[PDB]
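Have a look below at one chain only, the form deposited in one PDB entry, in structure tokens format.
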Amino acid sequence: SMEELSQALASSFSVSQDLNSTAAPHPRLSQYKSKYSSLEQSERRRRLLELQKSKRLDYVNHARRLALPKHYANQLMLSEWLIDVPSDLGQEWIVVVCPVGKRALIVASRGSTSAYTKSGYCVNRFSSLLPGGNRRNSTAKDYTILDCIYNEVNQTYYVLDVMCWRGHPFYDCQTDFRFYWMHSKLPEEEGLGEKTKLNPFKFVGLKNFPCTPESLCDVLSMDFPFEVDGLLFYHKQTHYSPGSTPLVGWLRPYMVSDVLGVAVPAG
């Protein structure tokens, strides 16, 4: 009864009923099974990739609006916990090593660069060398929209995705593409990765890596200019769509060994 009460409150008490939410611990570590846990992910992934194929929501206008969800809240594509490991993981997915920090929607718009939490609470309004985030770089629809993990200790917005660049929207492009575009547009800019009065915050993009066993092994042994928070696994083909999706998977580094059944070096 008191056991029945706890179980009920742990496993059946949710405001937004997100499947495998990372607001609760990995299902593989919970003593209670939520009704919001699902050991299944592939079917839902296949189903979503099908849906993406026939794009029936105009995004070009969403990108400018910000310069399908309302104001500045829940605009970021958020991962489920990685549970049901894709049988074609190594061929069809890539891993981004994430920094300890805070997620941020970043909107560079007419002479300024403002950061938002998933909640839409604006955290800062500042200046940036991003196509729309400077008084000198403030123009007719040259707005850009990023998805960043902000690391306060290195005072840098680590770039995780790009949804819009110099007025070009990418919501409807695959991840391989988007990540390719960010790694190509970023270094094209006067010392972003540096500190200037005009650019208070450094914007470094995050490397992604293949997910073959040997590749993951390498990844885990690399050294990063930050403290490693976790591993995001993106399906190469997923478009950018705000919300929880099983097309991206999250694990903390100590989990990779167990859930992916792969080797690991010292750590």
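In this text, the rigid core denotes the largest set of C-alpha atoms whose superposition between the two forms falls within 1.5 Å. Residue numbers run from 1 along the displayed sequence.
Counting the unmodelled positions of the deposited sequence between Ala67 and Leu68 gives a long gap of 10 or more residues. Here the stretch with the larger average CA B-factor, out of 196-204 and 225-233, is 196-204.
Of the two segments, 241-249 and 21-29, the one listed with the higher mean B-factor is 21-29 (C-alpha atoms only). Reading the B-factor column for the CA atoms of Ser34, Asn61, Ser42, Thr212 in the entry, the top value corresponds to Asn61. Taking the deposited Cα B-factors for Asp172, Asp84, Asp88, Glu190, the highest one is held by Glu190. When the CA B factors of the chain's modelled residues are split into thirds, the value for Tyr158 lands in the middle one.
In the deposited entry, the Cα temperature factor of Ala10 places it in the lowest third of its chain's modelled residues.
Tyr180: CA B factor lies in the lowest third for its chain, per the PDB record. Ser114: CA B factor lies in the highest third for its chain, per the PDB record. Split the chain's modelled residues into thirds by C-alpha temperature factor. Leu146 is in the middle one.
The next section is about a form of this same protein that is not shown, the form deposited in another entry.
With the two forms fitted on their core, the C-alpha shifts between this form and the one not shown stay under 2 Å for all of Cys217, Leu51, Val60, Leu198 except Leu51. After superposition on the rigid core, displacement of the C-alpha of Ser241 between this form and the one not shown stays below 2 Å. Taking the rigid core as fixed, one finds a CA shift for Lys207 smaller than 2 Å between this form and the one not shown.
Here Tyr36 counts as shifted, since its C-alpha moves by at least 2 Å between this form and the one not shown after the core is aligned.
Look at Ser79 and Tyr36: in the other form their Cα atoms move 3 Å or more farther apart than in this form. Whereas the shown form places them at one spacing, the Cα atoms of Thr238 and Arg45 lie at least 3 Å farther apart in the other form.
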